[PDB]
Amino acid sequence: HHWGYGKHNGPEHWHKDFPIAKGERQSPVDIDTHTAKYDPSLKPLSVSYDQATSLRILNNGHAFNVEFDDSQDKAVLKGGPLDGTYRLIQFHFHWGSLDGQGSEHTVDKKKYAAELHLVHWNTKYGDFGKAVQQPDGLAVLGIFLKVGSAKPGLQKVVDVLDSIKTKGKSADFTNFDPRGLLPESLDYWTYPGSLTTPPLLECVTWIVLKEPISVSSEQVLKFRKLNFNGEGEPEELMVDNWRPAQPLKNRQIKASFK
Ligand SMILES: Cc1cn([C@H]2C[C@H](n3cc(COc4ccc(S(N)(=O)=O)cc4)nn3)[C@@H](CO)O2)c(=O)[nH]c1=O
Ligand SMILES: [Zn+2]
């Protein structure tokens, strides 16, 4: 009886195995745009992905992860609210059964069709497993997806999903350039939070871009053909793999922009 996104194991149950689910800095949150404060001391984000080395794509039963070589500074996030250098380890998405839901963060209560998470760990902690034990261990760059025009840079991801339909399947996924998933603007909101899946560790500096990317209806429809189940198990479509907004508690969301 493992955590998931079903009626019997979804977000409202997670606190029983992961009591930090009710903690002081949980994610995601609603971003109230009128209450977020412009912080003129925030720096431009530095996204340095030119030397990124993607390796593999994995269906882990919760989402699919595009994994990177993080054994050198090849794809790094710096600047913005961050002190030091954060290395890209993987990206994944959360998405809905319907275009009207799927994001984890919301903006003035608006839900997007999906949300991209580019996950980075602080190199001062040596590896990802040590980093998640620290309050400044991770930086997750979140990008909203809306349905409209296709995102050309997403199509290579979409087209490999048939090969990783079920939980535990992986495929080679080299030479994928994550720069093709970014919007034009790097304006962002930032706040201290958590992983949005178990173990829900309070180790993340969230950086959520204001500008969504557009993906086509056909691209998100292919996300919704994935399965939560393993091969040889009853088919359950991988949809609505998002945690809803959590209480903001004693936090301020800062804006990089007026
Ligand atoms: C590719 C790779 C993996 N691993 C280890 C660490 C991996 N892992 C991931 C997690 C949970 O992390 C999360 C949860 C939520 C978010 S969210 N939604 O953005 O908030 C973000 C990150 N916990 N452990 C584990 C399974 O992949 O295998 C490795 O050691 N080396 C590698 O090269
Ligand atoms: Zn995520």
# chains A, B, ... in the order shown; residues from 1 in each chain; ligands from 1
>>> residues_near_ligand(ligand="ligand 2", cutoff="7 Å", atoms="only C-alpha atoms and all ligand atoms", output="list in words")
residues 92, 93, 94, 117 and 196 of chain A
>>> residues_near_ligand(ligand="ligand 1", cutoff="6 Å", atoms="only C-alpha atoms and all ligand atoms", output="MDAnalysis selection string")
chainID A and resid 67 117 119 140 195:197
>>> select_by_dssp(residues="segment 87-138 of chain A", states="strand (DSSP E)", output="list in words")
residues 87, 88, 89, 90, 91, 92, 93, 94, 95, 106, 107, 114, 115, 116, 117, 118, 119, 120, 121, 122 and 138 of chain A
>>> write_last_selection(atoms="N, CA and C atoms", output="PDB file, in the first residue's frame")
ATOM      1  N   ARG A  87      23.581  21.793  -9.684  1.00  0.00           N
ATOM      2  CA  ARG A  87      23.732  20.927 -10.867  1.00  0.00           C
ATOM      3  C   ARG A  87      22.442  20.224 -11.220  1.00  0.00           C
ATOM      4  N   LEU A  88      22.090  20.258 -12.502  1.00  0.00           N
ATOM      5  CA  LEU A  88      20.899  19.553 -13.014  1.00  0.00           C
ATOM      6  C   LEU A  88      21.088  18.044 -12.919  1.00  0.00           C
ATOM      7  N   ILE A  89      20.154  17.366 -12.254  1.00  0.00           N
ATOM      8  CA  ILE A  89      20.154  15.889 -12.173  1.00  0.00           C
ATOM      9  C   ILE A  89      19.038  15.286 -13.026  1.00  0.00           C
ATOM     10  N   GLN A  90      17.864  15.906 -13.067  1.00  0.00           N
ATOM     11  CA  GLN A  90      16.745  15.355 -13.836  1.00  0.00           C
ATOM     12  C   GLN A  90      15.691  16.425 -14.037  1.00  0.00           C
ATOM     13  N   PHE A  91      14.846  16.223 -15.037  1.00  0.00           N
ATOM     14  CA  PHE A  91      13.578  16.953 -15.092  1.00  0.00           C
ATOM     15  C   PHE A  91      12.436  15.973 -15.264  1.00  0.00           C
ATOM     16  N   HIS A  92      11.256  16.444 -14.877  1.00  0.00           N
ATOM     17  CA  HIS A  92      10.007  15.686 -15.004  1.00  0.00           C
ATOM     18  C   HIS A  92       8.865  16.674 -15.068  1.00  0.00           C
ATOM     19  N   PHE A  93       7.670  16.157 -15.263  1.00  0.00           N
ATOM     20  CA  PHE A  93       6.442  16.947 -15.332  1.00  0.00           C
ATOM     21  C   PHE A  93       5.407  16.363 -14.378  1.00  0.00           C
ATOM     22  N   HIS A  94       4.430  17.217 -14.059  1.00  0.00           N
ATOM     23  CA  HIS A  94       3.154  16.846 -13.437  1.00  0.00           C
ATOM     24  C   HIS A  94       2.055  17.337 -14.364  1.00  0.00           C
ATOM     25  N   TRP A  95       1.003  16.560 -14.553  1.00  0.00           N
ATOM     26  CA  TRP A  95      -0.026  16.934 -15.532  1.00  0.00           C
ATOM     27  C   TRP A  95      -1.382  16.373 -15.118  1.00  0.00           C
ATOM     28  N   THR A 106      -0.020  27.095  -8.365  1.00  0.00           N
ATOM     29  CA  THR A 106      -1.105  27.855  -8.998  1.00  0.00           C
ATOM     30  C   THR A 106      -0.743  29.332  -8.922  1.00  0.00           C
ATOM     31  N   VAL A 107      -1.374  30.118  -9.775  1.00  0.00           N
ATOM     32  CA  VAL A 107      -1.099  31.571  -9.862  1.00  0.00           C
ATOM     33  C   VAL A 107      -2.434  32.275  -9.684  1.00  0.00           C
ATOM     34  N   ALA A 114      -0.071  21.624 -16.990  1.00  0.00           N
ATOM     35  CA  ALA A 114       1.059  20.814 -16.536  1.00  0.00           C
ATOM     36  C   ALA A 114       2.114  21.747 -15.960  1.00  0.00           C
ATOM     37  N   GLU A 115       3.125  21.150 -15.354  1.00  0.00           N
ATOM     38  CA  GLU A 115       4.234  21.902 -14.755  1.00  0.00           C
ATOM     39  C   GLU A 115       5.496  21.050 -14.920  1.00  0.00           C
ATOM     40  N   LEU A 116       6.528  21.680 -15.443  1.00  0.00           N
ATOM     41  CA  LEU A 116       7.874  21.116 -15.626  1.00  0.00           C
ATOM     42  C   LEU A 116       8.717  21.489 -14.416  1.00  0.00           C
ATOM     43  N   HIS A 117       9.428  20.515 -13.889  1.00  0.00           N
ATOM     44  CA  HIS A 117      10.357  20.681 -12.765  1.00  0.00           C
ATOM     45  C   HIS A 117      11.759  20.270 -13.209  1.00  0.00           C
ATOM     46  N   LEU A 118      12.680  21.229 -13.277  1.00  0.00           N
ATOM     47  CA  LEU A 118      14.098  20.967 -13.545  1.00  0.00           C
ATOM     48  C   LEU A 118      14.797  20.966 -12.180  1.00  0.00           C
ATOM     49  N   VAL A 119      15.286  19.805 -11.773  1.00  0.00           N
ATOM     50  CA  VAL A 119      15.769  19.544 -10.411  1.00  0.00           C
ATOM     51  C   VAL A 119      17.279  19.655 -10.363  1.00  0.00           C
ATOM     52  N   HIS A 120      17.772  20.490  -9.456  1.00  0.00           N
ATOM     53  CA  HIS A 120      19.211  20.765  -9.327  1.00  0.00           C
ATOM     54  C   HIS A 120      19.632  20.619  -7.869  1.00  0.00           C
ATOM     55  N   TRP A 121      20.854  20.149  -7.625  1.00  0.00           N
ATOM     56  CA  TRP A 121      21.365  19.999  -6.249  1.00  0.00           C
ATOM     57  C   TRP A 121      22.604  20.859  -6.060  1.00  0.00           C
ATOM     58  N   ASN A 122      22.731  21.328  -4.817  1.00  0.00           N
ATOM     59  CA  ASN A 122      23.791  22.266  -4.406  1.00  0.00           C
ATOM     60  C   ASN A 122      25.126  21.526  -4.319  1.00  0.00           C
ATOM     61  N   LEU A 138      18.472  21.791  -2.619  1.00  0.00           N
ATOM     62  CA  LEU A 138      17.981  21.699  -4.001  1.00  0.00           C
ATOM     63  C   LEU A 138      17.486  23.059  -4.465  1.00  0.00           C
TER      64      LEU A 138
END
>>> closest_residue(among="A:27, A:229, A:65, A:216", to="residue 153 of chain A", atoms="only C-alpha atoms")
A:216
>>> closest_atom_pairs(of="segment 123-222 of chain A", to="segment 244-250 of chain A", cutoff="10 Å", atoms="only C-alpha atoms", output="JSON lines")
{"residue": "A:191", "atom": "CA", "partner": "A:248", "partner_atom": "CA", "distance": 9.7}
{"residue": "A:192", "atom": "CA", "partner": "A:248", "partner_atom": "CA", "distance": 9.9}
{"residue": "A:193", "atom": "CA", "partner": "A:248", "partner_atom": "CA", "distance": 9.2}
{"residue": "A:196", "atom": "CA", "partner": "A:244", "partner_atom": "CA", "distance": 9.1}
>>> closest_residue(among="A:33, A:219, A:9, A:41", to="residue 252 of chain A", atoms="only C-alpha atoms")
A:33
>>> closest_residue(among="A:168, A:142, A:148, A:234", to="residue 181 of chain A", atoms="only C-alpha atoms")
A:142
>>> atom_distance(atom1="atom CA of residue 150 of chain A", atom2="atom CA of residue 104 of chain A")
21.3 Å
>>> closest_residue(among="A:105, A:20, A:204, A:155", to="residue 180 of chain A", atoms="only C-alpha atoms")
A:155
>>> decode(residues="segment 177-200 of chain A", atoms="N, CA, C and O atoms", output="mmCIF file, in the first residue's frame")
data_model
loop_
_atom_site.group_PDB
_atom_site.id
_atom_site.type_symbol
_atom_site.label_atom_id
_atom_site.label_comp_id
_atom_site.auth_asym_id
_atom_site.auth_seq_id
_atom_site.Cartn_x
_atom_site.Cartn_y
_atom_site.Cartn_z
ATOM 1 N N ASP A 177 18.481 18.465 -25.394
ATOM 2 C CA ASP A 177 18.860 19.822 -24.962
ATOM 3 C C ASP A 177 17.718 20.493 -24.215
ATOM 4 O O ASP A 177 16.729 20.907 -24.820
ATOM 5 N N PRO A 178 17.805 20.597 -22.871
ATOM 6 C CA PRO A 178 16.703 21.178 -22.102
ATOM 7 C C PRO A 178 16.483 22.674 -22.357
ATOM 8 O O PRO A 178 15.450 23.206 -21.918
ATOM 9 N N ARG A 179 17.412 23.342 -23.038
ATOM 10 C CA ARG A 179 17.171 24.754 -23.406
ATOM 11 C C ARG A 179 15.904 24.863 -24.245
ATOM 12 O O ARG A 179 15.284 25.930 -24.252
ATOM 13 N N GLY A 180 15.551 23.818 -24.986
ATOM 14 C CA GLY A 180 14.344 23.838 -25.824
ATOM 15 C C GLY A 180 13.039 23.780 -25.051
ATOM 16 O O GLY A 180 11.997 23.823 -25.692
ATOM 17 N N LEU A 181 13.086 23.718 -23.719
ATOM 18 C CA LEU A 181 11.874 23.692 -22.878
ATOM 19 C C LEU A 181 11.660 25.024 -22.152
ATOM 20 O O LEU A 181 10.693 25.133 -21.424
ATOM 21 N N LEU A 182 12.544 25.999 -22.332
ATOM 22 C CA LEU A 182 12.459 27.252 -21.576
ATOM 23 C C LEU A 182 11.581 28.248 -22.312
ATOM 24 O O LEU A 182 11.546 28.293 -23.525
ATOM 25 N N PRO A 183 10.875 29.138 -21.597
ATOM 26 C CA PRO A 183 10.210 30.274 -22.208
ATOM 27 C C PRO A 183 11.243 31.365 -22.517
ATOM 28 O O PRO A 183 12.421 31.254 -22.188
ATOM 29 N N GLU A 184 10.783 32.448 -23.122
ATOM 30 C CA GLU A 184 11.657 33.579 -23.493
ATOM 31 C C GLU A 184 12.185 34.291 -22.233
ATOM 32 O O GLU A 184 13.406 34.552 -22.151
ATOM 33 N N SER A 185 11.293 34.617 -21.316
ATOM 34 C CA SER A 185 11.639 35.394 -20.108
ATOM 35 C C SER A 185 12.060 34.474 -18.974
ATOM 36 O O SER A 185 11.398 33.454 -18.733
ATOM 37 N N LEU A 186 13.042 34.903 -18.192
ATOM 38 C CA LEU A 186 13.420 34.227 -16.930
ATOM 39 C C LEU A 186 12.908 34.995 -15.713
ATOM 40 O O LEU A 186 13.409 34.713 -14.623
ATOM 41 N N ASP A 187 11.918 35.867 -15.845
ATOM 42 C CA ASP A 187 11.279 36.482 -14.659
ATOM 43 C C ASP A 187 10.685 35.365 -13.798
ATOM 44 O O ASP A 187 10.103 34.405 -14.340
ATOM 45 N N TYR A 188 10.782 35.493 -12.480
ATOM 46 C CA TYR A 188 10.396 34.381 -11.590
ATOM 47 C C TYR A 188 9.869 34.877 -10.254
ATOM 48 O O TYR A 188 10.114 36.013 -9.828
ATOM 49 N N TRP A 189 9.183 33.948 -9.595
ATOM 50 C CA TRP A 189 8.869 33.994 -8.160
ATOM 51 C C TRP A 189 9.740 32.987 -7.435
ATOM 52 O O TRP A 189 10.097 31.955 -8.012
ATOM 53 N N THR A 190 10.055 33.267 -6.182
ATOM 54 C CA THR A 190 10.854 32.297 -5.405
ATOM 55 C C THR A 190 10.383 32.259 -3.955
ATOM 56 O O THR A 190 9.964 33.275 -3.376
ATOM 57 N N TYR A 191 10.476 31.078 -3.360
ATOM 58 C CA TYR A 191 10.133 30.876 -1.935
ATOM 59 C C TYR A 191 10.789 29.585 -1.485
ATOM 60 O O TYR A 191 11.126 28.712 -2.295
ATOM 61 N N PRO A 192 10.972 29.417 -0.167
ATOM 62 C CA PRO A 192 11.510 28.170 0.381
ATOM 63 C C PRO A 192 10.417 27.116 0.561
ATOM 64 O O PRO A 192 9.367 27.407 1.152
ATOM 65 N N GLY A 193 10.658 25.915 0.053
ATOM 66 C CA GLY A 193 9.658 24.845 0.161
ATOM 67 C C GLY A 193 10.267 23.474 0.212
ATOM 68 O O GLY A 193 11.312 23.250 0.842
ATOM 69 N N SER A 194 9.562 22.547 -0.405
ATOM 70 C CA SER A 194 9.805 21.108 -0.208
ATOM 71 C C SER A 194 9.752 20.374 -1.542
ATOM 72 O O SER A 194 9.235 20.883 -2.539
ATOM 73 N N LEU A 195 10.166 19.112 -1.491
ATOM 74 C CA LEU A 195 9.763 18.158 -2.538
ATOM 75 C C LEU A 195 8.232 18.069 -2.544
ATOM 76 O O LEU A 195 7.615 18.063 -1.466
ATOM 77 N N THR A 196 7.644 17.911 -3.727
ATOM 78 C CA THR A 196 6.183 17.788 -3.817
ATOM 79 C C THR A 196 5.719 16.337 -3.833
ATOM 80 O O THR A 196 4.496 16.101 -3.918
ATOM 81 N N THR A 197 6.653 15.382 -3.760
ATOM 82 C CA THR A 197 6.318 13.951 -3.593
ATOM 83 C C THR A 197 7.039 13.463 -2.360
ATOM 84 O O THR A 197 8.079 13.992 -1.968
ATOM 85 N N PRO A 198 6.522 12.389 -1.739
ATOM 86 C CA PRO A 198 7.273 11.716 -0.690
ATOM 87 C C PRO A 198 8.701 11.482 -1.135
ATOM 88 O O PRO A 198 8.924 11.077 -2.280
ATOM 89 N N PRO A 199 9.716 11.731 -0.294
ATOM 90 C CA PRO A 199 9.588 11.991 1.157
ATOM 91 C C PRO A 199 9.291 13.438 1.608
ATOM 92 O O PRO A 199 9.350 13.685 2.800
ATOM 93 N N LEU A 200 8.957 14.338 0.689
ATOM 94 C CA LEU A 200 8.401 15.678 1.049
ATOM 95 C C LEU A 200 9.417 16.500 1.855
ATOM 96 O O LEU A 200 9.047 17.415 2.596
#
